[PDB]
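Q: This is the structure I want to talk about, given as structure tokens.
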Amino acid sequence: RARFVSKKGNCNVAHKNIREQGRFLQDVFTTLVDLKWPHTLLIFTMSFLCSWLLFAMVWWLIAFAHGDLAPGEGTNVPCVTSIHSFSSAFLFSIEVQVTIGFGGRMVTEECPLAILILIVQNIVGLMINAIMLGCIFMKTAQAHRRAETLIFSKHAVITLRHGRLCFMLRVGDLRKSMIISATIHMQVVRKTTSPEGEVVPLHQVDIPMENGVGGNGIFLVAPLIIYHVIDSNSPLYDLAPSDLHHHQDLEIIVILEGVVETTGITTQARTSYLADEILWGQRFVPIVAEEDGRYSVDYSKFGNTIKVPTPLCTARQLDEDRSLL
Amino acid sequence: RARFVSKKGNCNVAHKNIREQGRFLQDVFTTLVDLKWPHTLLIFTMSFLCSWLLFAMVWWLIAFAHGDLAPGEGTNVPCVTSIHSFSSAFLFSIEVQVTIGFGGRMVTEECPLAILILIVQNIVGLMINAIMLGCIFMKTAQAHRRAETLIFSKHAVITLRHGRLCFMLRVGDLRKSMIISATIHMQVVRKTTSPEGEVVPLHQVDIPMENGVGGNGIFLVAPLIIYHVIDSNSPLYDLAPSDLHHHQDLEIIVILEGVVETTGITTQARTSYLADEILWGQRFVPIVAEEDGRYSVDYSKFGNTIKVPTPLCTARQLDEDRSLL
Amino acid sequence: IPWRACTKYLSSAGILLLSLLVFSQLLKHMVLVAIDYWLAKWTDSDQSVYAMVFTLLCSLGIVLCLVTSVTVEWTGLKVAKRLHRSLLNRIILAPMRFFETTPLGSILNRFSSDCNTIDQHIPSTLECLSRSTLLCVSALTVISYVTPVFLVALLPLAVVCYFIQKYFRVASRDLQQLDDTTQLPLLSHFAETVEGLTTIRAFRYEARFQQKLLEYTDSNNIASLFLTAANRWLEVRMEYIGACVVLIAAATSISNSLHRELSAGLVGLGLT
Amino acid sequence: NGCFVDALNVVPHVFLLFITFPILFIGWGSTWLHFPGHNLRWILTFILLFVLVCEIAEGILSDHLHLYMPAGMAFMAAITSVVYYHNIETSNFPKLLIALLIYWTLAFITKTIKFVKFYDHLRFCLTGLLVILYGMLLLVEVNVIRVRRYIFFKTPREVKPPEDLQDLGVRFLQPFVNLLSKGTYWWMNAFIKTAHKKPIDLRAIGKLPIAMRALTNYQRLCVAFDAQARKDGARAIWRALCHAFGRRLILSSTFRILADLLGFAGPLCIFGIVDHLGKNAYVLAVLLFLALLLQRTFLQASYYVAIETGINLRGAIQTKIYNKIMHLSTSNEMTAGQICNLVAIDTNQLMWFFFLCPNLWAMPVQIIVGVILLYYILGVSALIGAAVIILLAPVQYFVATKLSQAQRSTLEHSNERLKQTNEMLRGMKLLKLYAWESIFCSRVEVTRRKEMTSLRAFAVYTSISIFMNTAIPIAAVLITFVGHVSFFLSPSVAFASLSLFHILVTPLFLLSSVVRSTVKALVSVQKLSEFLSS
Ligand SMILES: Nc1ncnc2c1ncn2[C@@H]1O[C@H](COP(=O)(O)OP(=O)(O)OP(O)(O)=S)[C@@H](O)[C@H]1O
Ligand SMILES: Nc1ncnc2c1ncn2[C@@H]1O[C@H](COP(=O)(O)OP(=O)(O)OP(O)(O)=S)[C@@H](O)[C@H]1O
């Protein structure tokens, strides 16, 4: 069946019938700073070559028009000394534009028109250099790759903790670098029909993450199983344990947000768990172990799971049995 | 015994068995912007020298191949005027690459192949210059050093405030520059066994910071003792005052987050207090004092402590005695 | 183990045979190097007188070797005799409470093995150690004399070996004892299965016991495997250095002893 | 345009050495993934190292910097290719591999141009060998992209790094390291350094890989025994072990014979050097260095592979005879002692014989090459010398046998002594209550003298062994040199003969122990078959 957002964190829902009013290009550089590296490098070299060829053509033409291009000895001084053909003119254009300044061909004080073309060439060169540096730097603050290094366990299990049904999922870090003030927004989607006859195709509802006195966020050093307790007030509380594996369509997504240390940008990661991915009545294997003088974490058992003799029943019926026991 | 996160704020837990899928290098520049200064300077000079030597070799070869390298008078004009040996060729490479443009050796309009090598040399030079500036700037927003200037008192004491047991810890600032919207996430870890027979090697739980009507964050001007009150609902409420000093293994960590003013990045600081570090029944000495026309803060008494005649008993037993008194 | 145990072991032999052994070994190794030293001058070309001197050296070598071997034999036997007699006499005059305090295994075990072990292996191993160390010192002196400069290049590398020594022993001993331990409960386990075989086949406990024996044989193999891995490590690294030294020796000999030295009889001894 | 083609060759090495440095410096500033052709890649890289040494030799002979620079650049290029492949084995990528493939293609192109321009007109052979090696490495890279994901369709279907040797705490990782360290045991540096500080124990030690357990070796051995018994004994169990342990043993044996060949080769290049200077020698010196290191490395790898096969065999037959201990009948004291000797001495004999198995195949070729080589250096006289040394090998065996006999006798006496001690160290209070202790000590000393008497003959035989050990090397040179010149000599001849004499004396001693071990192992396997089939 159709998934809401894919495991890799990319969004699945394909958009249709966007009334484009042009804002897609109106974000001129915040559009292309999104692109890949080959496309952005291609369009940067094309910017540079476009400008260089434009001014090389205009210079070729101005040297042709002054008549300094006509090879002649005396009665003149070329506006640009030692210019012969188009090739040397393009060499002059790249010599003055990108500010190497070879000086074999000298622009002279006889023609003020060449002064004007230089005084606009250089400023446009400097402006396009300034933007083509700022945008590549604004790019190198792409830290979604740091959204790649995070990992979640492939499937999530539920258990019985403290006499109440609980669901456990793992997270973890993959580098030394921490993520500041990460917060968890844990959401459930379902095609819902209201008592008013209103049917929604998809209905996001927050399920709380259960920490100390409150709080939406967590602290990530070692793999920490996130711990929620479904109660009669919770939206997930009504389902049955035998109807989840095959038929029902329930996506439980988690969105972890946080700002990486060194860049300072705020990244996040998104993952979905389907009704066929989740399973019932198990327990993860303890990862952390007291090694020689530290805590060793073994990621081989990250996705490992052991059987646990826990009663199998619906959370509504389990709450009724708790009322009975 | 083993500590969770070290006093300096660095993380202790060593990771084992990381299924490297290559994302460690896939973060190409967000990897090296983490590095120290000597390594980053080394790899930048190696980038620059690598590119320069590459193009110096190709230019040496092209001047050799055209035959302009063969010293001869007449019947030719070198593609690059006045080129003799490899040394002068490398001088030409560094002359055109890093955009000094000496112009003693002139590239000429006779050979379009030299035009091509120049028109790729310069663009690659400009791109690698752009990245090697953006990443060093993205580095100089390392404000972890500002995470260094913060300080916490070496050990934390508990007291009796308002008829209820309380724990007091100090913090403080070390510069004029403020930290915007700092928030406190105060966590306790312990090897825990659930009533379901589940044993966890380490169990982070939030203990609230007790401010006005609510709120997770604080305001740092002068050293402010953070004030929590452990109650029967709190997770720390069950321990005994004689069993903490030696045997039990309880790390209480605090994570203070906040964004520094001038850079705008969000930094944090992390510290641990062990069961052997914390002590019982004391009071800090008042730091702030009304001086001549201001408030003087003396950091000599920062870690100083005075004895206080307070009853010594367990928080559970103290709550039972409060029920009795 | 300190030099005191060996000091007492050799002082039980007496001053009569200690020097008779040591100086004879030194002289045998000196003859074994001098024969090749004279062969070096033999090479370039009084060939008959040369060959006669070679024959004289060859005879001296074998006579001295026989003398040294007989010395080691006689000394080892005398030491074993005196040590056993002294041990018996000192155990005889002990108080009764001492005998009651110490278990019988330790008192009996020393005589059972220590004596046997020493008689079987101490003389041969001591002879081999002495021959090896003196041959190594002689070879170093040869490659030093052959090349005046090669000497100064070989003292660095040898110091390297010092660092390779420590790190080896402090592990090679350790692993060794571990092997012994994993050999002891294994065999014993076997015996326990043989006697109470009917009880074990009756309880149907065969599976758990087979599991235990797989565990024990794995614990034995891991030890006997790490030991051979460590021996291979030390072997390969010492050999790499032993090849570095011959490389440097030949590289110095080809130039120094031919270009300027103009001596060919040198490079032969050094390379060999 | 020779210099032009030399420069054209220098270029691609430079390209690769320049792209390697950023990545190498990021990587320099625990799952091992292996790719097909890894071992082939490292073998070919060592062959490249060798051919590059030869090219440097040619460049020295010719000299003109630009004419021998290509070798010095390909040297660093191949070392950096090794560094790249280490960086890829440690963390997998699809891009670094393409980064290698580009360089391989360009180097192949340059070498082809060199070959053509040479054909139109020593260099020829070296250039051809380099061409073949680069082509084979190219094919390896093409295989690697064909396997998983160079560009191929979407998802690699990548392996999922092997959990056998990389999952949950294991310390002895022999099968899961770089084929260079599989030879030089570099992975032991960490273990031995940690061992220096903290005392080793079973908690500090690893656990055996799935490649070598009781279950694995037992499974292979029982499969072979099943396939042999379904076609129906001593010969049967023998052939079963043979077919079960298969490729590893012959691999060790061929490592061993190649090492023996190179060891016989060393002294000849010594001889060549000695000849050249008395009348092309630096090349021989560096070749001697290379041949020494390679020969000894192959020898050591051979030893280790044989030892590991033997340990496998011991574990296998031990758990097998324990499996047999479950089904035996009660009618079959003496059998218990025979069983526990069948595990304490018979199994150790079997395993040590399996240690020495490849030596039994490699000894004859060693002595044959030795005798034929010394004959062509010293002529007919050599033959005479070649007899004397060989004559020490049977004599040694005889000596050994005498030792054994003596040992037996001595052991008997020793045992009796222990009995006469066990009483005294138990009736301690009884003994000292009337001071009859000296009376028993006299008897104990009486036994000791008999024990001492046996030990004299044993040590006499030990002395004869040690004496022959260093006497035959002297006697060979004596009766050879005196019997060559003054009966029937450049320094090279004499010193090569000396070297060969030592290189032949070292293996000769081992043949005697090998023969004894082999006959004892044959008897022990007959015993194991008689037991295992009751
Ligand atoms: N199909 C579309 N795709 C993207 N944007 C849209 C689309 N339709 C409308 N919008 C914009 O988003 C807002 C949605 O309001 P509408 O659904 O269009 O109601 P509206 O009264 O018809 O407004 P209009 O279409 O501009 S006259 C509008 O203000 C549009 O500017
Ligand atoms: N040891 C490890 N170290 C780092 N990352 C891992 C490790 N194991 C798995 N991952 C990644 O993090 C997620 C954890 O899921 P797993 O425990 O691997 O379950 P899984 O079903 O076996 O998924 P796989 O291994 O990709 S088929 C996976 O999607 C992996 O991409």
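The chain as shown is numbered from 1 upward.
Method of determination (from the header): electron microscopy, 5.0 Å.
For all residues, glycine too, the Cβ spot is worked out from N, Cα and C.
The ATP binding site annotation in Swiss-Prot covers A:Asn17, A:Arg19, A:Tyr299 and rests on similarity to another entry. According to Swiss-Prot, the transmembrane segment annotation covers A:35-61, A:112-140, on the basis of similarity to another entry. Annotation source Swiss-Prot lists topological domain 'Extracellular' at A:62-85, A:103-111, citing a curator's inference. For A:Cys79-A:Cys111, the entry in Swiss-Prot reads disulfide bond, with the evidence type similarity to another entry. Summarising the annotation, Swiss-Prot assigns K(+) 1 binding site to A:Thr99. Per Swiss-Prot, the feature motif 'Selectivity filter' maps to A:99-104. Taken from Swiss-Prot, the feature K(+) 2 binding site applies to A:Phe102.
Surface or core, plus neighbours and distances: that's what I need for these features.
A: Under 8 Å, Cβ to Cβ, and six or more positions away along its own chain, A:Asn17 (ATP binding site) finds no residue.
In this structure, A:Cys79 (disulfide bond) belongs to neither helix nor strand by DSSP; it is coil.
A:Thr99 (K(+) 1 binding site) falls within neither a helix nor a strand when secondary structure is assigned with DSSP, and so counts as coil. Cβ neighbour count for A:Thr99 (K(+) 1 binding site) (all protein chains, 10 Å cutoff from its Cβ): 14.
Through the fold, the motif 'Selectivity filter' (A:99-104) approaches residues 82, 91, 122, 125 of its own chain, all at least 6 residues removed from its boundaries and within a Cβ separation under 8 Å.
Sequence-distant contacts (6 or more apart, same chain, Cβ under 8 Å) of A:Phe102 (K(+) 2 binding site) comprise A:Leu91, A:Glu95.
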Q: Do any residues, 6 or more residues outside the topological domain 'Extracellular' (A:62-85), come within under 8 Å Cβ-to-Cβ of it, and if so which ones?
A: 92, 104-108, 110-111, 113-114, 117
Q: Within 10 Å of the Cβ of A:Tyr299 (ATP binding site), how many other Cβ atoms can you find? Include all protein chains, please.
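A: A:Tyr299 (ATP binding site): 20 neighbouring Cβ atoms within 10 Å.
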Q: Using CB under 6 Å from any atom of ligand 2, narrow the recorded positions A:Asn17, A:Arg19, A:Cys79, A:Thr99, A:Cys111 to the ones that qualify.
A: none
Q: List the recorded positions A:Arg19, A:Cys79, A:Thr99, A:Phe102, A:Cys111 whose Cβ sits under 6 Å from any atom of ligand 1, in sequence order.
A: A:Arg19
Q: Can you give me the same-chain residues 6 or more apart in sequence from A:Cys79 (disulfide bond) with a CB-CB distance under 8 Å?
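A: Set apart from A:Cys79 (disulfide bond) by at least 6 residues yet with Cβ under 8 Å, we have A:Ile62, A:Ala63, A:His66, A:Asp68, A:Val107, A:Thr108, A:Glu110, A:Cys111, A:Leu113, A:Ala114.
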Q: Report, in whole Å, the straight Cα-to-Cα distance of A:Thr99 (K(+) 1 binding site) from A:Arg19 (ATP binding site).
A: 45
Q: Is there any among the recorded positions A:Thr99, A:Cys111, A:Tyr299 whose Cβ is under 8 Å from chain B, and which ones, in sequence order?
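A: The answer, in sequence order, is A:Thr99, A:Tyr299.
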Q: Quick check on the recorded positions: of A:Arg19, A:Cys111, whose CB has the lowest count of neighbouring CB atoms inside 10 Å?
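A: Fewest other Cβ atoms within 10 Å, among the recorded positions A:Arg19, A:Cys111, is found for A:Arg19.
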Q: Please count the residues of the topological domain 'Extracellular' (A:62-85) that DSSP assigns to helix (H, G, I), strand (E, B) and coil.
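A: The topological domain 'Extracellular' (A:62-85) comes out at 5 helix, 1 strand, 18 coil.
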Q: Cα-Cα separation of A:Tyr299 (ATP binding site) and A:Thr99 (K(+) 1 binding site), in Å?
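A: That separation, Cα to Cα, works out to 54 Å.
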Q: Need one number for the ATP-binding residues A:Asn17, A:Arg19, A:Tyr299: the maximum pairwise CA distance in Å, whole number please.
A: 47
